[PDB]
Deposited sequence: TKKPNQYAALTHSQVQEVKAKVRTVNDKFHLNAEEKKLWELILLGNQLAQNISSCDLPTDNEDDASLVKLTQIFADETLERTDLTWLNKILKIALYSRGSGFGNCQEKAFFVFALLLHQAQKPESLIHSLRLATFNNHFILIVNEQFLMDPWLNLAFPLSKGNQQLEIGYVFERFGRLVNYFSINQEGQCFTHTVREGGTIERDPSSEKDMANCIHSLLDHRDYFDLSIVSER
C-alpha cells in the first residue's frame, strides 16, 4: 500500500535527486568549502533521526505520531510570548526528542544544529537562512549551500548566482520565500524582510535553554 499521505510522488523525488546529483558532480570545492560540505552532509544525516510521514517512502502509520509534533509546533508558533528564534528552536527540540516531524520540523532541526555549531570558536558557519517553496522548507548555509533534510539532499550554490542551482533543482516548485535568517553580524530577520530585534536579545537564552547540554545538538568530529 503506497503512503496515502505522500506530498510528492516517487517520480518527483527521483527527478529532484537526479538534478542534485548533476549539480554535485559539477562542483569542485576548495579545502575550506569541503570542510563545511562534510559538516552539512553529517547534519543532514543526523536529521534522519526524525521521521516524516509525507514522503512516498515514509510509513503512512507514522502520521499520528508526526501529528503530535505538528500540534506542538502550531501551538508554539501562535504564542505571543516567545520570540521567533525561541519558537523555531523549541520545535527543533520537540521534533528531535519525539523522533517525528515533516519538512518544517526537520529544517528547524538542522538550523538548530548548525546554530549550536556556530557558537564554537572559528566555526565555519557564518549565516543561516530558512526559506520555503510554498510549504517545502530548506536551509541555506553561508549563502553557499542548500540543505534539504526532508529529502536528505544538499548541494552547493554558485557564488553571486545562487538561483542557478536552486532554479534548476527546484524548477516548478515555485518561488523561494524567506522565513527566518541570522546573518554573520548576529542580526535576525523574519519575513518583505523585517529585522527581529527580540530574537537577537533572546539569542543567548535560546542557545542555552534549548540547545546546550543536549547530545542531539552537539557534534564532536569537528
property	result
Deposited-sequence ranges lacking C-alpha coordinates, in sequence order	1 to 2, 194 to 199, 231 to 233
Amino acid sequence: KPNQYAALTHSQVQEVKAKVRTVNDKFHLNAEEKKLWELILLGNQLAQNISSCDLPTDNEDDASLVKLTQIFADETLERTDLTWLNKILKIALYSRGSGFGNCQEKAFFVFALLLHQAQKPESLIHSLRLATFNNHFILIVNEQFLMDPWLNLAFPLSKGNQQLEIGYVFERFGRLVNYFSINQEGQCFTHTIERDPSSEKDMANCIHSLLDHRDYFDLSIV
From here on, numbers count along this sequence of modelled residues.
property: 146 to 154 versus 128 to 136 - greater average Cα B-factor per the deposited record; result: 128 to 136
property: Higher-scoring stretch by recorded Cα B factor average, 96 to 104 or 71 to 79; result: 71 to 79
property: Highest-ranked of 183, 48, 162, 52 once sorted by CA temperature factor in the record; result: 183
property: Residue 13 - Cα temperature factor, lowest/middle/highest third of chain; result: middle
property: B-factor third for the C-alpha atom of residue 44 within its chain; result: lowest
property: Entry-reported Cα temperature factor of residue 37, expressed as the chain third it lands in; result: lowest
